[PDB]
DNA sequence: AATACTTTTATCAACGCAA
RNA sequence: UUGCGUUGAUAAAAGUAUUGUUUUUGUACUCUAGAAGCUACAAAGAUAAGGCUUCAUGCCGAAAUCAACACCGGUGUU
């Protein structure tokens, strides 16, 4: 086990920034609510197929108040659950036709689809139009790289995270870059102090070295991403020898053990820690660096 | 003195190097890269062409705004009511007077949904049923009838009639929309005199205007590398003209067309040679005298030598029958043209008429290649029209392909073919980076994306190892392209090196020992 | 902008530059320190970020022009993004460098609209200091009633006992000849 | 963000005629 | 290893059409001319965030290329 590995680095900058699917949100009270919250909506596309009935009864056996018709047209929902008592929607279609709504007469519109409160809002991009009333978002926003900062007045590391959608074609010359003020906002949100020293930046499959300060241990990782964007400095790592981290396998003293799933989501924003970056040759000759340059690369 | 070994996989190469007189490991390593997925280029291409479609729809609406503002009908476009029924005004303006703002509404709605034009198989049956309906009305009348009868207008939707059920669809040809717009514009011209005939020609150009599949994107001052207006300042005529292949031995010359005099006389010569007087006799007989065929050619070789056709060795067979022999089919078919014959014409003019007629597949490309490439040609319009109908008449014969040779090598070789019975590879036998290794061969010879990636990353490993340590004599690869590549580089660099074709590192170490 | 310890050093530097006795400054209306509290502020005692907003804005409004506070914000953006600047020089020296870069751009691009004058500064007792600083403005950017939108503020550190000349041409020649002595 | 059409150029295989 | 005649698989690039998602508005459905914005239908706008000049059959944006640094296709080190 004196074998050396050699990986390939992924540092391309203009990739898929998000989905192209335009989602809708509402503000409502669902579940264990003490206030309103924003909910990404969903839709059952058609209920008379085999999939739409299964999705309907899944939502119905989870929670009945998720449906928007349950809150905005209740008696029609009563005439929706009278069929599900005695049989289903396909049988009603092949006997009586389309499931119309409640009305005085038989002249209400037909019911083919149903919206509900799908989930809570996570990472998004606010693309709300001018004359709109609720929020309109784009989901599935991917991460690109990390910038690692370090301050001396606390003696610990802080970690940034840039996405693909944090860059822009600019307004005078059409170059692809991020400004310095938006970068100051991203530095402020991630908790980096203004007077920290920029150490290096990490792409995917970039070899990381973690050393300790009290008990002289050494661990080597591969960087993946900048997961869990609610509390700070958490980094997802991968092994150097294999492709996975299955089990509650121990790594070093101060980090801990991998979770039950197999994912290594650690917090490197702590004291008693030390980080180097490894730049291998194509034959595997590991060269260790401590300072990359003077400033992070922002113009491409 | 040292032996190199490589184990090549899909996304990994394991590599090792030994000494073989002692048998200790000098180096071992594992190089890991992601796989060459072709699903990402399909995703990127699909999105680019969808973005072009969205762009050109919006530009049609912008061009309609510019045309309507330049001719002075409407001043501003902010007070236009978006809550009027466009099909009602489109069917009303066929006989009545549209009030100058509902005309803009009708024309904008008509340019938003034009039709298909590939027609001039359930989907084919539904669009033919819809054409069978539109032979008596315009499509605006059909859409208004569907609207005020069934409530629905758009998509594909099925309706149960009194005794039958039929699925409807919103697909009409472009000719019907053009006829309806021409009728509406002539009636409003009879009413409102600000819509001159140049307005009608400009609007119909916006409506039925499409690009050609051999043009591409771009404009005269727009300079695309995906279209005919190349970014180097020039202008191609057909973008599939710089994609035609090279010659087999001189890799800087364009190929020849299969349907000319030169390739066809070369093919009949190659099937005849496996002497000179009866070569020329059979060739002028098949060239000038008609009602020809392969069985007729074997009857004629029974005729002139006056024997039964025996001692046959040089013949190709098909699965069905036999007597596959080359003929002057294209030459004899180019003789039934009512304009002047091709016998007493040049070989350069014949071959470039064959080029122009083989590559271009429809009227405007054929026409402007005949007008633009034949310098000072001064061709008439009658022969252009009959060559258009001639190319339309033979698509299976004339769009055959392109001959694998070039006109330079074949003009080097057509006289020589006759005097001796000799074959092509023996005839060509008889006529005959400064330290690092190239990326020429490994970027050209691509069988798959996966093989291309893995072999080029392995060759980077190879040349890094030969830079670091020194010379070699044995290189092992776990095919023949990389073999003769390395063998010719090492003979040209005067080095006798024999190249022969955790886990992968160990396996490369093992085969380096083997 | 951002209020931190670097703004405290910049405030104390420019106070030592324009006022010659410190009690001309810390007793101004709107600022209004006391002697023990001024010694608390000066000698590192009080944190500047939890003070009143109106007092710190009054100090910055007295010591700086309106365009100069914008240049403080832009130099703060550029300064905290580089380790050379952050680990070599303090913030007031880099603010001086930024200010003279803007002055040189003014002199290069449009030389024939640069005007200047003698600046006058009111003390705490109502009496002014005549000739406290040198005003440099662009004449095209005038608002009216003697106000200019783009205006900077310098101080000469020459060792010769000759004053700045008057007139547009003479003062422009003095500014172009003494570009290392003003600060 | 998916389903219908049209077209061009090129390369591998394998089935034969020859070397 | 090289040429010709058949038919399978693939790759790269081009031109079109109809929906889908989503926002406003109108009409219907519902509750008392107002309200709720569910459920349908129809117009108009957007369709990876964005950006350019030449003013238009306008154009670009989801792939591959890869260890860094210094001195004459080569040359030295952590």
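Taking only region A:40-76 into account, find how many residues are surrounded by 13 or more Cβ atoms within 10 Å (Cβ to Cβ) and more than 9 Å from RNA strand E (Cβ to nearest atom).
Number satisfying all stated conditions: 12.
Rundown of residues vs (1) under 30 Å from residue C:78 (Cα atoms); (2) in a loop (DSSP other than H, G, I, E, B); (3) within 14 Å of chain B (Cβ to nearest Cβ), yes/no style:
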| residue | (1), (2), (3) |
| --- | --- |
| A:208 | yes, no, no |
| A:240 | no, yes, yes |
| A:255 | no, yes, no |
| A:293 | yes, yes, no |
| A:296 | yes, yes, no |
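Within region C:131-183, how many residues are under 16 Å from residue C:110 (Cβ atoms) and under 19 Å from the mean Cα position of the chain (by Cα)?
9
So which strands (runs of 3 or more DSSP E) are wholly in region A:1-120 and hold at least 2 residues that are closer than 30 Å to residue A:223 by Cα?
The qualifying strands (runs of 3 or more DSSP E) are A:4-7, A:114-120.
Report the residue count in region B:469-485 for those that are over 13 Å from residue B:497 (Cα atoms), in a helix (DSSP H, G or I) and near RNA strand E (Cβ under 10 Å from one of its atoms).
Qualifying residue count, region B:469-485: 2.
Give region B:232-281 a look and list any residue that's within 10 Å of DNA strand D (Cβ to nearest atom) and part of a helix (DSSP H, G or I), or say none.
B:239, B:240, B:241, B:270, B:271
Does residue B:153 fit the bill of being more than 13 Å from DNA strand D (Cβ to nearest atom), in contact with a helix residue (DSSP H, G or I) (Cβ under 9 Å, 6 or more places away or on another chain) and part of a loop (DSSP other than H, G, I, E, B)?
For residue B:153, the condition - more than 13 Å from DNA strand D (Cβ to nearest atom), in contact with a helix residue (DSSP H, G or I) (Cβ under 9 Å, 6 or more places away or on another chain) and part of a loop (DSSP other than H, G, I, E, B) - is met.
Residues being in contact with a strand residue (DSSP E or B) (Cβ under 6 Å, 6 or more places away or on another chain) and within 14 Å of chain C (Cβ to nearest Cβ): count how many of those fall in region A:159-197.
Summing the residues that are in contact with a strand residue (DSSP E or B) (Cβ under 6 Å, 6 or more places away or on another chain) and within 14 Å of chain C (Cβ to nearest Cβ) in region A:159-197 gives 6.
Against the definition (out of contact with any strand residue (DSSP E or B) (no Cβ under 6 Å at 6 or more places or on another chain) and more than 26 Å from residue A:204 (Cβ to Cβ)), how does residue A:66 come out, yes or no? If you could, list the steps in order and put the result at the bottom.
Working: out of contact with any strand residue (DSSP E or B) (no Cβ under 6 Å at 6 or more places or on another chain): no; more than 26 Å from residue A:204 (Cβ to Cβ): yes.
When the stated conditions are applied, residue A:66 does not pass them.
Criterion first (under 30 Å from residue B:465 (Cα atoms) and not in a loop (DSSP other than H, G, I, E, B)) does residue A:220 satisfy it?
Against the criterion (under 30 Å from residue B:465 (Cα atoms) and not in a loop (DSSP other than H, G, I, E, B)), residue A:220 qualifies.
Any residue in region B:10-27 that is in a strand (DSSP E or B), under 19 Å from residue B:447 (Cα atoms) and within 14 Å of another protein chain (Cβ to nearest Cβ)?
yes
Could you list all residues from region B:407-446 that are more than 9 Å from RNA strand E (Cβ to nearest atom) and outside any helix (DSSP H, G or I)?
Scanning region B:407-446 gives B:414, B:415, B:420, B:421, B:422, B:432, B:445.
Filter region B:440-472 for residues that are surrounded by fewer than 15 Cβ atoms within 10 Å (Cβ to Cβ), away from DNA strand D (no atom under 14 Å from the Cβ) and more than 14 Å from chain A (Cβ to nearest Cβ); which is nearest to the chain's Cα centre (by Cα)?
Applying the filter and picking the extreme gives B:440.
Would you check if residue B:211 is within 16 Å of DNA strand D (Cβ to nearest atom) and within 30 Å of residue B:74 (Cβ to Cβ)?
Against the criterion (within 16 Å of DNA strand D (Cβ to nearest atom) and within 30 Å of residue B:74 (Cβ to Cβ)), residue B:211 qualifies.
Which of the residues spanning region A:141-180 are exposed (fewer than 14 other Cβ atoms within 10 Å of the Cβ) and within 16 Å of DNA strand D (Cβ to nearest atom)?
Answer for region A:141-180, where residues must be exposed (fewer than 14 other Cβ atoms within 10 Å of the Cβ) and within 16 Å of DNA strand D (Cβ to nearest atom): just A:142.
Can you find a residue in region B:100-123 that is within 14 Å of DNA strand D (Cβ to nearest atom), in a helix (DSSP H, G or I) and surrounded by fewer than 18 Cβ atoms within 10 Å (Cβ to Cβ)? Lay out the reasoning, then the answer.
Here is the first cut: in region B:100-123, the ones within 14 Å of DNA strand D (Cβ to nearest atom) are B:113-123.
In the following step, the residues that additionally are in a helix (DSSP H, G or I) were identified as B:122-123.
Remaining after also requiring surrounded by fewer than 18 Cβ atoms within 10 Å (Cβ to Cβ): B:122-123.
Within region B:100-123, one or more residues are within 14 Å of DNA strand D (Cβ to nearest atom), in a helix (DSSP H, G or I) and surrounded by fewer than 18 Cβ atoms within 10 Å (Cβ to Cβ).
For residue A:100, only one of the following conditions fails: (1) surrounded by 10 or more Cβ atoms within 10 Å (Cβ to Cβ); (2) near RNA strand E (Cβ under 6 Å from one of its atoms); (3) within 14 Å of chain B (Cβ to nearest Cβ). What is its number?
(2)
I'm trying to understand the selection: among the residues of region C:150-175, which are part of a loop (DSSP other than H, G, I, E, B) and under 21 Å from residue C:72 (Cα atoms)?
Let us first name the residues in region C:150-175 that are part of a loop (DSSP other than H, G, I, E, B), namely C:150, C:155, C:157-167.
Passing the criteria: C:150, C:155.
So, restricting to helices (runs of 4 or more DSSP H) that lie completely within region C:56-149, which ones have at least 1 residues that are over 19 Å from residue C:14 (Cβ atoms) and more than 14 Å from every other protein chain (Cβ to nearest Cβ)? Step through it out loud before you land on a result.
On the way: elements: C:66-79, C:83-88, C:91-109.
Result: C:91-109.
Note: ideal-geometry Cβ built from the backbone for every residue, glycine included; neighbour counts use all protein chains shown. Where a number appears in this text, it was derived from the coordinates with a stated rule and is not lab data.
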